[PDB]
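Q: Below are the structure tokens for one structure; questions will follow.
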Amino acid sequence: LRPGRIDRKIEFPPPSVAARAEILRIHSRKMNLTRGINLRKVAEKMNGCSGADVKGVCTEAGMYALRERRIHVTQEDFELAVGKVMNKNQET
Amino acid sequence: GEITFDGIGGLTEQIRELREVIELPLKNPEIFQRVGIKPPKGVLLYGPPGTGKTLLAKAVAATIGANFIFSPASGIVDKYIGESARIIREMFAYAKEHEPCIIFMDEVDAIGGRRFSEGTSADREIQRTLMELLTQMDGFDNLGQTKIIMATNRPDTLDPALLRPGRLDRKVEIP
Amino acid sequence: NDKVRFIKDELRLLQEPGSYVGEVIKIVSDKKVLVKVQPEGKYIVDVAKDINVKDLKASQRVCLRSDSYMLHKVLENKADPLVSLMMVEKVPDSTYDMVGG
Amino acid sequence: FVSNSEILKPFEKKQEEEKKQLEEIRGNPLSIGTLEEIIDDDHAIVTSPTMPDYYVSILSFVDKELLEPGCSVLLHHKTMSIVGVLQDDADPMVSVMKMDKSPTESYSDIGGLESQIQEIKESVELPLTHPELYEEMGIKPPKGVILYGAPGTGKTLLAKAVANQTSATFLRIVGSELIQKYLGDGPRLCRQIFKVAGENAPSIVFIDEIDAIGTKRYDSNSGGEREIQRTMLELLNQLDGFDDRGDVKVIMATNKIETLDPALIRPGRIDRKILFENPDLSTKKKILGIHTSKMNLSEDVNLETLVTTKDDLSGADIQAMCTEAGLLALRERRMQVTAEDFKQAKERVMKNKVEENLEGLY
Amino acid sequence: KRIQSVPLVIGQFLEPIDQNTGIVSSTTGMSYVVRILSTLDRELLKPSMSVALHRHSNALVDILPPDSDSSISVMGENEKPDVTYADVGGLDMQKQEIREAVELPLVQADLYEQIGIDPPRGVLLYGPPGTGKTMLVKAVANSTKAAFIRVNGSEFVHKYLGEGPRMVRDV
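So the protein sequences, as listed, match chains A, B, C, D and E. For any residue, its number in UniProt numbering is found by taking its place in the first sequence, counting from 1, and adding 304. For any residue, its number in UniProt numbering is found by taking its place in the second sequence, counting from 1, and adding 175. For any residue, its number in UniProt numbering is found by taking its place in the third sequence, counting from 1, and adding 51. For any residue, its number in UniProt numbering is found by taking its place in the fourth sequence, counting from 1, and adding 74. For any residue, its number in UniProt numbering is found by taking its place in the fifth sequence, counting from 1, and adding 86.
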């Protein structure tokens, strides 16, 4: 670390209520959802998921739709993936 | 062997304990049918080598009346383009032909160390060739005739997969 | 007439075991050419009357005789895959909005 | 040409015929082997991935100097006897080595350090272009130089300017990668660098920040890690065991070489000591003033205002204060930087890398 | 085509060049450029399937059918497996992917298009074998009951040139 070998070390913002809808406003394009999906309201029910884990929660949402074998994913299937993903993060 | 009963023996509980999982499938395997379990091949020997340990093969297995094929670890090395475990695969052809066949691995600590650092040179293939030996305890081969006997000097980093309570059962200490 | 004759031509042309293909690192002024064979080492060979040393680009797939190893003609160009693992990506899948913040 | 008539007449007659004799000993596989050893009976040793077995005898076109133990040569088409030799060029297969380039360097930004600048020039740049004064005097000049302190502050930047002042071949070798977890890779690659480059006289090898090697303590060889102490043992052979004529020059610039130093330096092969010095009022003006030669800023701001009261800001600290204050003014697309960016750039540099031991009085 | 006949030498495909002219890799590691027979079907070529060559002339003989399968790599199927999937429980929470990650994409491929997430293509399982890790693998053939290939590569790749590449392709 030198003045002009490395100029500044950029710090990223921590996750928050508005930061949990980060991936929700983008990945939802290629992923099938409904119009009753509120990206900001559903994010309020989650925790510790911003960039990486929201992609995993949306991935687990597709696995839940395979049991019902439907073409849509509603807010009911989101709560099942909120606690399951956090169980793997709390390990170790 | 040309030798009579155990001269290194004298322990009635442990020596006869090995014969129960051997002579049972040889005549009537009707006990494991009602229980509904696979016949145990597990035999493990840990302690000082050659003393009450090594000679059990040329003694106990000699009186069973079964095929005894000595399997040295220094003969399967094949320093140049190693065939290794692929040699042992051709040996099981006698087990399918002759049912009373016994295979004895003699004092092998060489495959024991798993090398957590993985900085080896010629030993990386050894952990690789060992996985083919695990296939005989895993895959399509199911017999109950050929017995699994592996000996080691010390309970060091030795591979826990081969230590499975299905793969290795009877553990005979040398007290 | 150019079909059955091509059938009989397959008898004489296939009498040899085949041809070799290698990469050309450089050329010389002796009317020879250096071709690097893939399974073997580097070999300096001779071209034919249909190609010169000025038109030979570095690292090009050509044709080589079996016993004589003479260069017949240029078959293909440099291989499409580069090095071993190339992760270089221009204009990746992330353009404007992928990861926020 | 004139001789193309008279002298060329008894020339080309034997020039074309010998080429046909070459085609008899060449053909066009031109197999490339490797010559392991030269035999006074003119016999060679073939090498190839196909494992060749040949008694081949050394033919003409090659001499004892051209034939080399382990460099590629050309072979006969059938008998596979040695014919020619491969010419080496481009980048060898040894470790990382620079070839040549001409940098643009001089003494400008490091101005004010001339007290220690003219010292290193005496033992480095002067005994290069003028190979004299050692015949009349008879004292061998030192080999390399050793610098310990904060690099990039103008102490190491001094070595970057000397590299161009030599007007000759400059070499830069990496001293980091030797610390690899493998045992024995250190002394190998280091010997092949100076042995192959011994043909070109100028070298001046520079190495930066070796914190690993040099573990000795009470004995010469301890029971410590072998990834470290044995790698240094190769440097003893270059600076002491096997000494050149003054071609190879080793330069090492690190933080603190104290414990590192007397396993290597030796009494009199390399004599240099250069440490980072706190600049005075005169040195700080030459460092900051020359940086502004091409820089433009507000004419109402003096460059010596912050020079009076400041804490240990070297040329490296100023390099960022010029860039940090420049990027803020460039956002408005202006070549001049205001006064507010001058003090703003000094704080974040002083509040990060610059920290004292809080030792007062004394 | 009959000039070739019985002396078949197994080759390998490399890359096309010209109509009825191409290079054919050989199992010995020496590539040969031979004239492709006009009778041969040129839409069946892949950089996998082996071909037939000659002993002396080393000329391409015949494009091999789908029966070109070589048992040197032990190519076969599973006949009447043993371990049953329904008997081993307790992992059902994590075993929900048995039919979802295997039989689901092979039957209904339109469900992943109606979702928009990548299907479970790459599958990796790490842990001690024989403890129910491998017992689940043998249980896949029971729920499937179709062509099943279980081959453990360890030393299955050759330590010398050319038998390794046999296992690298055609499998």
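All C-beta atoms in this analysis are idealised placements derived from N, C-alpha and C, irrespective of residue type, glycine included.
With the cut-off set at 8 Å, would you say D:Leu349 and D:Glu301 are in Cβ contact?
A: Position 275 of the fourth sequence, counting from 1, holds the residue named residue 349 of chain D. Position 227 of the fourth sequence, counting from 1, holds the residue named residue 301 of chain D. Cβ atoms of D:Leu349 and D:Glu301: not closer than 8 Å.
Q: Which of the three DSSP states, helix, strand or coil, is assigned to B:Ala241?
A: For this step, residue 241 of chain B is matched to residue 66 along the second sequence. Looking at B:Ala241 - three-state DSSP - the assignment turns out to be coil, as it is neither helix nor strand.
Q: Please report whether the beta-carbon of D:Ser134 lies at a distance below 8 Å from any beta-carbon of chain C.
A: Within the fourth sequence, numbered from 1, the residue matching residue 134 of chain D stands at position 60. Cβ-Cβ to chain C under 8 Å: no for D:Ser134.
Q: So with CB distances below 7 Å, who are the chain C contacts of E:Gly115?
A: In the fifth sequence, counting from the first residue as 1, residue 115 of chain E sits at position 29. Near E:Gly115 (Cβ distances below 7 Å), the residues of chain C are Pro90.
Q: On the premise that E:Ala225 lies in contact with E:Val169, defined as a C-beta separation below 8 Å, what is that separation, rounded to the nearest angstrom?
A: To locate residue 169 of chain E, count along the fifth sequence from 1; it is residue 83. To locate residue 225 of chain E, count along the fifth sequence from 1; it is residue 139. Confirmed, about 5 Å.
Q: For A:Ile330, return the contacting residues in chain C, with the cut-off set at a CB-CB distance below 9 Å.
A: As a position in the first sequence, residue 330 of chain A is number 26, starting the count at 1. Simply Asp148, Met149, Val150, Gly151.
Q: Who does E:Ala138 pair with in a DSSP beta bridge?
A: Along the fifth sequence, read from residue 1 onward, the residue named residue 138 of chain E stands at position 52. E:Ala138 pairs with E:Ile96.
Q: Quick check: the Cα distance between B:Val196 and E:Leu94, rounded to an integer number of angstroms?
A: On the second sequence, residue 196 of chain B is found 21 positions in, with the first residue counted as 1. On the fifth sequence, residue 94 of chain E is found 8 positions in, with the first residue counted as 1. Approximately 52 Å between the Cα atoms of the pair.
Q: What does the alpha-carbon distance come out to for the pair C:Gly73 and E:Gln182?
A: By 1-based counting over the third sequence, the position of residue 73 of chain C is 22. By 1-based counting over the fifth sequence, the position of residue 182 of chain E is 96. Taking the straight line from one Cα to the other gives about 52 Å.
Q: Nearest to A:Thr363 by CA position, among A:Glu326, A:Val389, A:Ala323, A:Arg306, is which residue?
A: Taking the first sequence and counting its residues from 1, the one referred to as residue 363 of chain A is at position 59. Per the Cα distances, A:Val389.
Q: Using C-beta distances below 7 Å, list every residue in its chain close to D:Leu309, excluding the 5 sequence neighbours before and after it, in chain order.
A: Taking the first residue of the fourth sequence as 1, we reach residue 309 of chain D at position 235. Within the same chain, D:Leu309 has close Cβ partners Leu338.
Q: By a C-beta neighbour count over all protein chains shown, 10 Å radius and 16 as the cutoff for buried, is D:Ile284 buried or exposed?
A: Locating residue 284 of chain D in the fourth sequence gives position 210, counting from the first residue. Per the 10 Å Cβ criterion, buried.
Q: Can you tell me where the alpha helix (DSSP H) with residue 154 of chain C in it begins and where it stops?
A: Past the boundaries of the shown model lies residue 154 of chain C; chain C is included only from 52 to 152, so the question cannot be answered.
Q: Between E:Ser143 and chain C, is there a C-beta pair that is closer than 8 Å?
A: As a first step, residue 143 of chain E must be located in the fifth sequence, where it is residue number 57. Output row for E:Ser143: interface = yes.
Q: Pick from D:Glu199, D:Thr412, D:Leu362: whose alpha carbon is nearest that of D:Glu373?
A: Position 299 of the fourth sequence, counted from the first residue, corresponds to residue 373 of chain D. Selected option, being the one with the closest Cα: D:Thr412.
Q: So what does D:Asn370 bridge to, in DSSP terms?
A: Position 296 of the fourth sequence, counted from the first residue, corresponds to residue 370 of chain D. D:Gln410.
Q: Terminal residues of the continuous beta strand (DSSP E) containing C:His123?
A: In the third sequence, the residue the question calls residue 123 of chain C occupies position 72. Unbroken beta strand (DSSP E) run through C:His123: 122-125.
Q: Strictly under 8 Å for the Cβ-Cβ distance: is E:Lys245 near chain B by that measure?
A: On the fifth sequence, position 159 is the one that residue 245 of chain E refers to. Closer than 8 Å: yes.
Q: Put D:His365 into one of helix, strand or coil per three-state DSSP.
A: Position 291 of the fourth sequence, counted from the start, is the residue given in the question as residue 365 of chain D. Of the three classes helix, strand and coil, the one that applies to D:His365 here is helix, per DSSP.
Q: Check D:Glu188 in the structure and name its three-state DSSP category.
A: Here residue 188 of chain D is taken as the residue at index 114 of the fourth sequence, counted from 1. Helix, per DSSP.
Q: With a threshold of 6 Å on Cβ separation, who are the neighbours of D:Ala118 within its own chain once the five nearest residues in sequence on each side are excluded?
A: Locating residue 118 of chain D in the fourth sequence gives position 44, counting from the first residue. Once the five neighbours on either side are set aside, the close Cβ partners of D:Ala118 are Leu109, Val130, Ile132, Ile156.
Q: Could you give the residue range of the alpha helix (DSSP H) that holds B:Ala326?
A: Against the second sequence, residue 326 of chain B aligns to sequence position 151. Per DSSP, B:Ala326 belongs to no alpha helix (DSSP H); it is in the beta strand (DSSP E), 323-327.
Q: For the beta strand (DSSP E) containing D:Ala327, list its first residue and its last residue.
A: As a working mapping, residue 327 of chain D is identified with position 253 in the fourth sequence. From DSSP, the beta strand (DSSP E) with D:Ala327 extends over 324-328.
Q: Any beta carbon of chain E sitting closer than 8 Å to that of B:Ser259?
A: The residue given as residue 259 of chain B occupies position 84 in the second sequence. B:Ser259 counts as touching chain E.
Q: Considering only the beta carbon of each residue, do B:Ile190 and B:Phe243 sit closer than 8 Å?
A: On the second sequence, residue 190 of chain B is found 15 positions in, with the first residue counted as 1. On the second sequence, residue 243 of chain B is found 68 positions in, with the first residue counted as 1. Not closer than 8 Å, so no.
Q: Using 8 Å as the threshold, is the segment 384-401 of chain D in touch with the segment 411-429 of chain D, meaning 3 or more CB pairs across them?
A: Segments in contact, yes.
Q: For E:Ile89, which residues in chain C fall below 7 Å Cβ to Cβ?
A: The count along the fifth sequence starts at 1 and reaches residue 89 of chain E at position 3. Within 7 Å Cβ-Cβ: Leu62.
Q: For B:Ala236, tell me which candidate among B:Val218, B:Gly250, B:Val252 has the shortest Cα-Cα distance.
A: For the purposes of this step, residue 236 of chain B is taken as residue 61 along the second sequence, with counting starting at 1. Nearest of B:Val218, B:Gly250, B:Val252 to B:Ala236, Cα basis: B:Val218.
Q: Tell me the DSSP secondary structure of C:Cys114 in three-state form.
A: Along the third sequence, one-based indexing puts residue 114 of chain C at 63. DSSP places C:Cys114 in strand when its eight states are reduced to three.
Q: Considering only residues of the segment 173-230 of chain E, which uninterrupted alpha helix (DSSP H) runs meet the minimum length of 4 residues and lie entirely inside it, listed in chain order?
A: Runs found: 190-193, 219-224, 226-230.
Q: Cβ of residue 399 of chain A within 8 Å of Cβ of A:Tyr368?
A: In the structure as shown, chain A starts at 305 and stops at 396, and residue 399 of chain A therefore has no counterpart that could be examined.
Q: Between A:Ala323 and chain C, is there a C-beta pair that is closer than 8 Å?
A: As a position in the first sequence, residue 323 of chain A is number 19, starting the count at 1. Yes, A:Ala323 counts as interfacial toward chain C.
Q: Mind checking B:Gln311: buried by the 16 CB within 10 Å criterion, or exposed?
A: Taking the first residue of the second sequence as 1, we reach residue 311 of chain B at position 136. Result: buried.
Q: Would you identify the three-state DSSP class for D:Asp293, choosing helix, strand or coil?
A: Counting from 1 along the fourth sequence, the entry for residue 293 of chain D is found at position 219. The answer is coil: DSSP assigns D:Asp293 none of H, G, I, E or B.
Q: Kindly say whether D:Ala394, judged by its beta-carbon, lies nearer than 8 Å to any beta-carbon of chain A.
A: Taking the fourth sequence and counting its residues from 1, one reaches residue 394 of chain D at position 320. Closer than 8 Å to some Cβ of chain A, the Cβ of D:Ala394 qualifies, so yes.
Q: Comparing C-alpha positions only, which one of D:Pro215, D:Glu206, D:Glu188 sits nearest to D:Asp345?
A: Position 271 of the fourth sequence, counted from the first residue, corresponds to residue 345 of chain D. Taking only the C-alpha atoms, the option nearest D:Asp345 is D:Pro215.
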